Structures are given as C-alpha cells and as structure tokens.
Amino acid sequence: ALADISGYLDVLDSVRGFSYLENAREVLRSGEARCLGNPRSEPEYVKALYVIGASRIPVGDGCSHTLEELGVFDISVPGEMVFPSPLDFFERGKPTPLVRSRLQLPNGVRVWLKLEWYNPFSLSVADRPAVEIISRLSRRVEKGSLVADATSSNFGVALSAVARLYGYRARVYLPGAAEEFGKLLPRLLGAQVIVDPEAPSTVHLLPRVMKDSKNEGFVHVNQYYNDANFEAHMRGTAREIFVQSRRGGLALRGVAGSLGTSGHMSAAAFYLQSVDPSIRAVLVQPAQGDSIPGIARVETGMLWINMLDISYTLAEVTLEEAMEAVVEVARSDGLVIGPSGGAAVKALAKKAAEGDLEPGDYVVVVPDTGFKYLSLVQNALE
Ligand SMILES: Cc1ncc(COP(=O)(O)O)c(/C=N/[C@@H](CS)C(=O)O)c1O
C-alpha cells in the first residue's frame, strides 16, 4: 500500500549518520522497496526513500513497491510552466535541462550538459542545498533568527534569497578573491555581507564564522558539514540524472563534475553507482597554484567525497584550461558556461583522450552561467 512521504519527514530531524544509505543502494539497485508494517519502526528505511526522490512510502504486511510506484519517476513540472510562487518554482520546475552538446570528444565519448544555472535564486546549483537546509531549519529555529555561512559566492546568494523567503535574516562571509556578484547580490537580497581581504579561500574563513557564531548566537548553517547539502542533490540533482538518462534513451556510462563542498558530485556518483556500479565519476582537481572560482582540491577537506563509498577518478585542470573549454562550448553550443563547468568539460575531455573511458553517454554537471565571470572571460580571449 502507498502513503504520502510528507507526514513521515521528522526522520530528517532524527536519523543521523550514513548507515541509512545502505537502504538507498539496495532500493535503487533492486528498483523496489519492501513494504513496512510500521513506518515509524524503520526510520532508516523511510529516510533512504526520501533521499532517492520517493514521494510515497510502501506500507503494509509483506508487499513491495517499485521506484515508479514510489514516485522516483513522477513528473513534477507543469507543462505550461506556471508556478504560484518562486519557491514552488524551484521545487516543481525540475529537472534542470540536460542538453546534448555538439562538442565532440574522442572514443565515442558523447557530452551532455546539465545546466544548473536554471535555478531561480542563484542561477547556480547552490540553490538546491540552500532550500533543503533552510527548509529543515524552518522546523526548529524561530523566524527572524540570523542564518549565516561562508561562501565562494553562489551559496551566499542562494542562502540570502531563501533565508529571507523563510522569514530568516542572512549573513554571508566571502574571501576577498570571490566575484562581485557574490559580494553584491546578497546585499540586494537583504543580507549582510562580510569580506575578509586576507582569507585566500572559502574554507579558511570557517574558523572566523564559527568564532562569531559562538559570540553572537547566529545559526551557522555549515554547507561543508550539513547533511542536507548531500541529501538535496540525492533527491534532486542526481535523481534527475538517473531519470533523465532513462527517459532520454541514454547509454549512461559516467558523470563529470567539479568539487567545492563535494555535495553534488558525491550525490550523483553515489546514486548513479548504486544503480550501476561501473558508472565513472570523473572529478576535477584544480591545478596547484591556480584558482578556479567555486571549486578546490579534494585534500583541502571535503565531507562526502571521502567518506562515502564512491568510485571516482581525478583529472588535473588549470584555470587557463577551464577557460579554453568555456570558449569552445560557447563556440560549439552557443551556451556560455562558468569556469567550473569548463573545468569538468575539460576534465572529461582528457579521460576521453587518454582512452580511460567507455564509448557512450556522459553527463557533465555545469554549476553556473559564464555571464557572472566577465574578467576570466576577458583574460581567456587576450
Ligand atoms: C560555481 C560553482 N561550481 C562548483 C561548486 C561545487 O559544488 P559543491 O561541490 O559545493 O556541490 C560550487 C559550490 N560552491 C560553494 C563554495 S565551496 C559556494 O557557493 O559557497 C560553485 O559555486
């Protein structure tokens, strides 16, 4: 028997840890789930179902239900694209587009681009964790409380818009080296913004944010460590790649992406590799000395990409190389991607060149629009 998952979403405030993901893998890999006689005695199972994008839960004595029955494959989007509010637009106006590129890689490696700038608040993938985190927050923390974090830019914008849509106040802390959209836009959206000229990276701002949190009593929402960030991309970004691939007729052989907190590619890889363990995750390691905005090297500390049981390969990519690739996707497809998108295109293009990859369809996740990166555009032309 099928019941609504919404009623049972207190498990989000009660399950901790990662042992619950064993349930996900089996349900995904099997393509079904066992009915629970007492949904409340199985909090691990129930959470797993939500995290894979189920909308309903299987309830009763001895039965099972498929992914389709559970609502993993439910179409959310109104065909007419009419939405009664922006937050409902983020939620229901999904998936983000999967576009097959005219870009041609060797060895029958077909490039598809998942355009995460089709998120309404930050025009970037960071919307998805921002809505998930703040939505759980709305359960506990009283309205008018100040919520805050460090960001390279996107999340700070996403946090500021979404905070204020939930009655919360926002503060964002940014490195001096972040772009002007990051420093400026949260202010337009009603946040405070703090820029540390001496912080060379977003991770290095973390102690300052924790220190001030202890002093002032704001809720440091902590995108690096907040399990909602991984979970949002499990039921959103990754699930979409699962569903789109299948509805698309794709022979999905891998994913390619970039790492900041590591939330989105950990989710894609884990979810996809639950379904089919051979699926490669090709991940970018920005080259040493170089800065690619929004992303970083793994060894600077990332929660999920280490701890979860995820097969991935790395490819080294310089800024200059991420910028070359922006330029060529612009000339191939007329679509203007961000630095970190080009980095992932490049990264896959190398594994493809090397002979390391099967022929078939790969999905790259493109985190944002290149329209926010005029300097790096300018410098890559001259
Ligand atoms: C342009 C762009 N590309 C990739 C990512 C990497 O995504 P995750 O690995 O975080 O899912 C991000 C996330 N950026 C975080 C900074 S670590 C933020 O906006 O504060 C980004 O903004």
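Residues numbered from 1 in each chain as written, not as in the entry; some residues may be left out. Heavy atoms only, no water.

A. Looking closely at a negative patch on the surface. A surface patch of negative charge is lined by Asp 290, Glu 320, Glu 324 and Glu 328. Within the secondary structure, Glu 324 sits in helix α12 (residues 319-333). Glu 324 gets classed as partly exposed once you look at its relative accessible area, which sits at 40%. (Patch = residues over 30% accessible without salt bridge, like charges linked within 9 Å, V, L, I, M, F, W, Y side chains within 5 Å. Areas by Shrake-Rupley, 256 points an atom, 1.4 Å probe, with all protein chains shown as cover. Salt bridge = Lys/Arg side-chain N within 4 Å of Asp/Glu carboxyl O. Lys, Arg positive; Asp, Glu negative; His and termini not counted. Charge placed at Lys NZ, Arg CZ, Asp CG, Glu CD. Helix = DSSP H or I, 4+ residues; strand = E, 2+ residues; numbered from the N terminus. Buried < 20%, exposed > 50% of the residue type's maximum accessible area, 1.4 Å probe, protein only.)

B. Broad picture of the domain arrangement of the protein. Taken domain by domain, the protein comprises domain 1 (2-70), domain 2 (86-123 + 227-381) and domain 3 (127-220). A C-alpha centroid distance of 32 Å is found between domain 1 and domain 3. (Domains from an automatic or database assignment.)

C. Examining the sheet that holds strand β5 (residues 98-104) more closely. Taken in spatial order, the six strands of this open sheet run β5-β6-β14-β11-β12-β13, and their pairing is mixed. Here the strands that pair on one side only, and so sit at the sheet edges, are β5 and β13 (313-317). Put simply, the sheet's adjacent strands are angled 30 degrees from each other on average, direction ignored. Bridge count for strand β6 (residues 109-115) against strand β14 (residues 360-366) is seven bridges, and the pairing is parallel. Residue pairing for β14: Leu 115 is matched across the bridge by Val 366. Strand contacts of α12: β5, β6 and β13, with the helix running at about 100 degrees to β5, the strand carrying the most contacts. (Pairing = 2+ DSSP bridges. Axes fitted to C-alpha atoms, helices over the stretch in contact; angles between N-to-C directions. Contact = heavy atoms within 4.5 Å.)

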